[PDB]
Q: 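My questions all concern the structure below.
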Amino acid sequence: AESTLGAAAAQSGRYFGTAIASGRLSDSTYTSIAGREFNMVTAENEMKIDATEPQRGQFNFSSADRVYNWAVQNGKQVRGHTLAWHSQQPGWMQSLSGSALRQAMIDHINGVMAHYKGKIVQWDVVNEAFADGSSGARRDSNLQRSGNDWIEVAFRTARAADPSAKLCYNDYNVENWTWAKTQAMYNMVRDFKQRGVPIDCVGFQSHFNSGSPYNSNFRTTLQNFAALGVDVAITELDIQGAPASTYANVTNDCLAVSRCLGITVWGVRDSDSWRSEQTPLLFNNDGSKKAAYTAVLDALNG
Ligand SMILES: O[C@@H]1[C@@H](O)[C@H](O[C@@H]2CNC[C@H](O)[C@H]2O)OC[C@H]1O
């Protein structure tokens, strides 16, 4: 047994990560608890398209590198998040469509991945490409309107840019095996594997709440994606109300699936959360451990 989340995960070769925000890196409580507890970091915003390429062709890695360097100085690996996405696009990219957008998408992938080549264990190459609801359709965006192949092109680009990185597709509302969105993502990954599209991993954001609740069948989802020949990762876990039982359940689903790489929670203290009103994380506002912390640690320790 181990006394911290990352170390406990590492006993089985897994990680326990968090999202890190550069604007919080002057908060001594934040940096010390995050430093102690996690062995994997995702930048909460700093590696997104707008942050890294604020004008076309003009990269700015200052905030991204602050997060990256904090991670490596503190003994963590890094998940890169995210290269191609409808959200948080800079204005210049929102104005592009079709072939011009395709070139810009490719250029963005190449430039960001080159900056971090060999340094990033997993990239969320593509984020949130499916619609919610019963259709299983692709989400509408400039990217999708450029062609159904946008996603595969992004992956092929990423494979060439950094052959050392695990290339992940990341999404939410894809945890429940019975949901249409989950099935759409399953069919995509299966199709990609069958056609030689390079994809190594699927990220389950795992933003569980009353409208999109955890189900025990998450384990079935994880198993079934693993059986396609991809790793699986829980990438942005948070749970409305931070119920200890649900947190243990998710943890045990990862531990039960050999291809589950690890778990990232989407922030440190409840007050750091993008959904702080839902108190959905493992640490209280004052940095103390919640009941859910103990349930996760105990699960990681068997
Ligand atoms: O600061 C928030 C940030 O937490 C949020 O992160 C996204 C949550 N939804 C899924 C995405 O994959 C995450 O990047 O993005 C919006 C920011 O304002």
Side-chain angles (χ1 to χ4, degrees), residues 5-6 16-38 40-51 63 67 70 79 81-82 85-89 124 127-128 130-133 139 170-176 179 181-182 203-216 218 233-251 253-254 262-299:
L5 296 171
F16 209 98
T18 190
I20 294 292
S22 59
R24 301 178 195 279
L25 290 177
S26 290
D27 178 329
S28 292
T29 301
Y30 181 83
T31 59
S32 62
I33 295 180
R36 184 182 74 208
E37 295 287 346
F38 302 108
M40 182 69 74
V41 166
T42 305
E44 193 176 8
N45 293 290
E46 297 74 4
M47 291 184 189
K48 294 173 177 174
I49 305 166
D50 63 342
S63 71
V67 176
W70 183 90
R79 304 188 74 268
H81 178 80
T82 178
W85 188 24
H86 73 281
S87 191
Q88 291 175 268
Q89 287 184 11
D124 290 332
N127 204 25
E128 299 185 350
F130 290 99
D132 293 309
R139 179 187 295 276
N170 192 56
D171 214 334
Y172 68 92
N173 285 347
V174 290
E175 298 83 8
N176 185 324
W179 282 26
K181 195 184 188 184
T182 308
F204 298 85
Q205 288 181 19
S206 304
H207 292 293
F208 295 120
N209 60 38
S210 67
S212 298
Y214 169 82
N215 191 299
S216 303
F218 188 36
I234 294 160
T235 55
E236 313 180 9
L237 179 63
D238 51 31
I239 311 184
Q240 180 180 15
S245 58
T246 317
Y247 258 111
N249 292 345
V250 171
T251 303
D253 287 342
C254 185
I263 294 162
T264 295
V265 289
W266 205 242
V268 181
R269 303 162 293 190
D270 282 335
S271 51
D272 301 312
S273 175
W274 71 315
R275 290 181 174 172
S276 62
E277 63 289 345
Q278 296 185 27
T279 63
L281 290 173
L282 299 179
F283 296 91
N284 286 304
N285 297 342
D286 68 3
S288 64
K289 290 161 177 177
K290 295 169 61 177
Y293 176 95
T294 297
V296 174
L297 186 68
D298 283 354

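Starting from 1, each residue takes its place in the sequence as its number.
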Q: Quick one: does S276's side chain have a donor or acceptor within less than 3.5 Å of a partner on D272's backbone?
A: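 It does not hold such a pair.
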Q: side-chain hydrogen bond (donor to acceptor under 3.5 Å, both in side chains) with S212: which residues, sequence neighbours excluded?
A: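 Only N173 meet the side-chain hydrogen bond (donor to acceptor under 3.5 Å, both in side chains) criterion with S212.
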Q: Within the 4.5 Å heavy-atom criterion, are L25 and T31 side-chain neighbours or not?
A: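 The answer is yes, as the side chains (C-beta and beyond) meet within the 4.5 Å cut-off.
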Q: Under the criterion side chain to side chain donor-acceptor pair (under 3.5 Å), which of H86, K48, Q88, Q205 is the partner of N127?
A: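 Checked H86, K48, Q88, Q205 against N127; only one passes side chain to side chain donor-acceptor pair (under 3.5 Å): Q205.
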Q: What's the spacing between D124 CG and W85 CH2 if we round to 0.5 Å?
A: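 Rounded to the nearest 0.5 Å, the CG-CH2 separation comes out at 9.5 Å.
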Q: Just do the side-chain contact (heavy atoms from CB on, under 4.5 Å) check on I234 and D253 with the steps written out, would you?
A: CA-CA 10 Å; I234 294 160; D253 287 342; 5.8 Å; no
Q: Do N215 and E175 have side-chain heavy atoms sitting under 4.5 Å apart?
A: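 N215 does not reach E175 side chain to side chain.
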Q: Checking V265 against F38 for the side-chain contact (heavy atoms from CB on, under 4.5 Å) test, could you report, in this order, the C-alpha distance in whole Å, the side-chain angles of both residues, the deciding distance, and whether it holds?
A: CA-CA 10 Å; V265 289; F38 302 108; 3.8 Å; yes
Q: Quick one: does any side-chain atom of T264 pair with a main-chain N or O of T18 as donor and acceptor, under 3.5 Å?
A: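 Pair absent, no side-chain N/O of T264 close to backbone of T18.
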Q: Say you draw a straight line from CD of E277 to OG of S271; how long is it, rounded to the nearest 0.5 Å?
A: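 So the gap between those two atoms works out to 12.0 Å.
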Q: Not counting sequence neighbours, which residues clear salt bridge (charged side-chain N to carboxylate O under 4.0 Å, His left out) with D132? List them please.
A: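 Once residues adjacent in sequence are excluded, the partners of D132 under the salt bridge (charged side-chain N to carboxylate O under 4.0 Å, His left out) criterion are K181.
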Q: For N176, is there any backbone N or O sitting under 3.5 Å from a side-chain donor or acceptor partner on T182?
A: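 Present.
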Q: Do you know the tightest heavy-atom contact between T82 and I49?
A: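 Smallest heavy-atom distance, with atoms named: O-CG1, 4.0 Å.
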Q: Is a side-chain N or O of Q240 found less than 3.5 angstrom from the main chain of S210, in a donor-acceptor match?
A: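 At least one qualifying donor-acceptor pair exists.
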Q: Donor-acceptor pair, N284 side chain versus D286 backbone, under 3.5 Å?
A: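 It does not hold such a pair.
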Q: Decide side-chain contact (heavy atoms from CB on, under 4.5 Å) for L282 and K290; before the verdict, give the C-alpha distance in whole Å, the side-chain angles of both, and the deciding distance to 0.1 Å.
A: CA-CA 6 Å; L282 299 179; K290 295 169 61 177; 5.7 Å; no
Q: Just to verify, what does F16 make a ring pair (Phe, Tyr, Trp, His ring centres under 6.0 Å) with, not counting sequence neighbours?
A: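 If we apply the ring pair (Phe, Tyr, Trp, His ring centres under 6.0 Å) test to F16, skipping adjacent residues, there are no hits.
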Q: Minimum heavy-atom separation for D238 to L281, with atom names?
A: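 In terms of heavy atoms, the two residues are closest at CB-CD2, 4.0 Å.
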Q: Run the ring pair (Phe, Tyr, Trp, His ring centres under 6.0 Å) test against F283 and tell me which residues pass, sequence neighbours left out.
A: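 Ring pair (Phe, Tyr, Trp, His ring centres under 6.0 Å) list for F283, sorted by chain: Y293.
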Q: A side-chain contact here means heavy atoms from C-beta on lying under 4.5 Å apart; do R275 and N209 qualify?
A: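 Counting from C-beta outward, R275 and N209 do come under 4.5 Å.
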Q: Could you tell me whether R269 and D27 have a side-chain N and a carboxylate O separated by less than 4.0 Å?
A: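 Counted as a salt bridge, because a side-chain N and a carboxylate O are separated by less than 4.0 Å.
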Q: May I have the step-by-step check of side-chain contact (heavy atoms from CB on, under 4.5 Å) for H207 and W274, ending in yes or no?
A: CA-CA 11 Å; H207 292 293; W274 71 315; 3.6 Å; yes
Q: Sub-3.5 Å donor-acceptor pair from the side chain of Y30 to the main-chain atoms of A21, do we have one?
A: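 Looks like yes, one N/O pair under 3.5 Å.
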Q: Taking all atoms of both residues into account, what is the closest heavy-atom pair of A299 and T251, and its distance?
A: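 For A299 versus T251, the nearest heavy atoms are CB-CG2, 3.7 Å.
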Q: On a heavy-atom basis, which atom in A295 and which in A244 lie closest, and how many Å separate them?
A: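 For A295 versus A244, the nearest heavy atoms are CB-O, 3.5 Å.
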Q: With sequence neighbours left out, write down each residue that passes side-chain hydrogen bond (donor to acceptor under 3.5 Å, both in side chains) with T235, or none if nothing qualifies.
A: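 In terms of side-chain hydrogen bond (donor to acceptor under 3.5 Å, both in side chains), with neighbours along the sequence ignored, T235 is linked to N170.
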Q: Please find the pair of heavy atoms, one from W266 and one from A19, that lie closest to each other, and give the distance.
A: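 Smallest heavy-atom distance, with atoms named: CE3-CB, 3.6 Å.
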Q: So, the side chain of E46 versus the backbone of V67: is there a donor-acceptor pair under 3.5 Å, distance only?
A: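 No, because the side chain of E46 does not come within donor-acceptor range (under 3.5 Å) of the backbone of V67.
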Q: What are the two closest heavy atoms between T29 and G287, and how far apart are they?
A: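 In terms of heavy atoms, the two residues are closest at CG2-CA, 4.4 Å.
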Q: Going by the rule ring pair (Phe, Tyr, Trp, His ring centres under 6.0 Å), which residues pair with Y214 if we only count those two or more places apart in sequence or in a different chain?
A: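 Scan of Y214 (ring pair (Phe, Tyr, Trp, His ring centres under 6.0 Å), adjacent residues dropped) gives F208.
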